[PDB]
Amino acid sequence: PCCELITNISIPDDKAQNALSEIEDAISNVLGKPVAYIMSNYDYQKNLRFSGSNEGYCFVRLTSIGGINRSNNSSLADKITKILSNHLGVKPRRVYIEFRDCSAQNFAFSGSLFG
């Protein structure tokens, strides 16, 4: 899976990676996938807006080959938002998460398709 965090909250690199490590653990747990398959990123975007304001906010795009369904989506939405709130101080009502399914024929690793 790939987890893209985009946020206007600035924290030091060690803290950023801490938050990602916890998000990686949640993804691994919920999707039943090893850490070996998980990409994550903390993208600091100073001009990011939500509801017409530059107040602290997070957007997460989570892309996975399978595992995108109501049960997993709900569980991860809860867990990821909690992590972001705790680690970044963001209000839960300023956290958006998008879930994307990708087919194995449309994803490559080490120069070859998964499918």
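In case it trips you up, residue 1 is the first one in the sequence shown, and so on.
Between 53-61 and 67-75, it is 67-75 that carries the larger average Cα temperature factor according to the deposited entry. Checked against the record, the higher mean CA B factor of 44-52 and 30-38 lies with 30-38.
In this PDB entry, the Cα temperature factor of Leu5 sits in the bottom third of its chain's modelled residues, the lowest group. Per the PDB record, residue ranking by Cα B-factor puts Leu20 in the lowest third of the chain.
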